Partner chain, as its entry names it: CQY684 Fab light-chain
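In the block that follows, a single chain appears as C-alpha cells, in the form deposited without its partner chain.
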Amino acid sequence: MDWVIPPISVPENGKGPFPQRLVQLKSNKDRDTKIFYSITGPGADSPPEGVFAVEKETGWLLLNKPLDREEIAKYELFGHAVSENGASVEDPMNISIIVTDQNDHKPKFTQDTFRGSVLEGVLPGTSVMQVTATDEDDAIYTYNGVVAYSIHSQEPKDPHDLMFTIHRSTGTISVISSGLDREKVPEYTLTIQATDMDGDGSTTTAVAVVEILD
C-alpha cells in the first residue's frame, strides 16, 4: 500500500475518563509475526512527556489527559512497529494530531466601562463609538471565537427606549432615533453584551456611557 496517512483530529477538552483511546495503530504484517508498537515525538517521549502513549501489544494510541488547543494546537508523533527481534517491519508511521477547537472560553470586553459621545444634532444612522470583546477560541474555522454584540438596556429611557443600536459584528454603536437633547438628557448608560457562537453561546456584560453634546 502507498497511500499517505492523513492526520487525526482530536477535539480539545474531552470528557473523562482518561486514559482513552484515539485510534488503533496496526501493521498488516501481523498476519506473519508478533508485532510491538511504540511512539516518539514531543507529546510522547520528549517534552511535553506523557500526553500520549501506545499499548505495546494492541497498538492502541492513548490520550492521557484532556487537550487544550489554546495551549498546544498540533502534535507531530511517530508510530513504530517492531518484531520480537527489535527490528523495524515498517517505516515509522506519521501521526499528525490536530487539536480541534471547543468553546472553552467566554468572551471578554476589553474594558468594563467604555466612554464615548455624540452631538445631539446628528442624523439617525450616525456612529457614536465602538466597543470590543475578545474570545480566545477559533473564530476562523469555527463560531466558538465569534462574538455577537447586543444592547441589553438603556438608562434613562428618555425620550424613549431605543435611542441607540449596535452593529452585531463590529461593535459600533449608532444613533437610531430623533430627540437627542443634552439639556433634557445629558448622558445615557447602555448595558452592552457580547455573546460567542455568534449569538448562540455565552454572554458577558459591560457598559457604554454616552455623553450627549451640543
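Numbering follows the first chain given and starts at 1.
Just so it is clear, the following notes concern the form deposited with its partner chain bound, a form of the same protein that is not shown.
Using a 4.5 Å cutoff between non-hydrogen atoms, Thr58 counts as a contact of its partner chain in the bound PDB entry.
Taking the partner from elsewhere, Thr189 is found to have every heavy atom lying beyond 4.5 Å of its partner chain in the bound PDB entry. The closest non-hydrogen atom of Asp158 lies beyond 4.5 Å of its partner chain in the bound PDB entry. In the bound PDB entry, none of the heavy atoms of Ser150 sits within 4.5 Å of a heavy atom of its partner chain.
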